[PDB]
């Protein structure tokens, strides 16, 4: 078998992976999205399925006022003596006084006896000096937390709820920018230190060092960088922030984040998770894909192939939300339901439009292709100015593209962009009453919306020939760490009314 990178497509940055027996588990950062920290499962390292999230209860983490691309950053999953641990940085909006100390970051620790959870309520380790916490357990069973800058080693208590001693920077890195995502690996009598360097942009790389002692000194790998993209014309870029795993058949593999530039330097679907083999060298080191950079097509891992149901069609006939969905920030559980009208995802119209950080219950999934369509069947009866419901391609509060049934002096199908903070109506068509179908068609950076009354004859509502603002780089946001998502929303245009927008189904089609 062969596979083509990325193996986990769409918004899946900062991968951290473990193997427990025949099962592989991976976590990715979620930033302002809820539930926080997506957890995925695989048997073959190629095909991945979402099985849960680390933080699922609103009482565990308040993202309701967290700024775009702040919140939950690079997570780290580990397993030790029957306990699954997840650490992650929680990035605050700015300087915040917590129990007397001023911080812009907090570290989170959750744990569980099961990979999918439910995990313990988040415990905060208030070490604000760096990002990307990484759990390491030495041969003597002592627990440690690695943290940026570079490899800064903190001792932890046995429960991993607090730091038990002074930190030491055991390796400073290579001198590249923003040394982060530190990891430690113990093999062949060495401690191997792994870093992401160059920043998560187009200079991203992976560098390593080794020492016979936990606290050093560490010598740099002569093959640094052991993974990076040196070819600017390649369709995969921004390769770095890796995590290593050994299979039950003795092969070594690395997952890492990357980006797929979409008609220019635009990471439309956000940073994704790629896979490439790790080769150990006869002089005591390891490299990734023989220093060739990220592969576009690669020999599959020596593991039995197991594909999963992708759930591209959601008819909403289960009383629990599918695990591929995310809320933009914490859900308002009073204003969405799968049980008030079985067979429908109901959104009661919230008070705020998508550009407002206070907007609740935008429900979206990851874009996994640059050629796809997404459609819904909607039952909605707006009766006052601004009451609206429909579909949205969402990057941030300043960057989205929505198509909705709206009341604006009668029923209308309306297409609106927010282009880096600039709102523009792209199209507005007369709408008839009754059940309605809406369809988003994405072809690279061209996006268009269509409506239909019976799902057979489609009429253009509006679109743009330049969707590059839906990307990390095109967003022009202060931080662009997420990815374009696609889904549904409803709000009352400020009327105050609670109106039921009933979505019969959502359908995603890669073409």
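Positions refer to the first chain, counted from 1.
Across the two stretches, 156-164 and 127-135, the PDB entry reports the greater mean Cα temperature factor for 156-164.
Annotation for 375-383 versus 91-99: the higher mean temperature factor (C-alpha) is found in 91-99. Across 240, 294, 322, 222, the greatest Cα temperature factor reported in the deposited entry is at 222. When the C-alpha B-factors of 75, 270, 235, 250 are read from the PDB record, the largest value belongs to 250. In the deposited entry, the Cα temperature factor of residue 58 places it in the highest third of its chain's modelled residues.
Sorting the modelled residues of the chain by their CA temperature factor places residue 79 in the middle third. When the modelled residues of the chain are ordered by C-alpha B-factor, residue 67 sits in the highest third. Residue 334: CA B factor in the highest third of modelled residues in this chain (values from the PDB entry). Among the modelled residues of its chain, residue 182 has a C-alpha B-factor that falls in the middle third, as given in the PDB entry.
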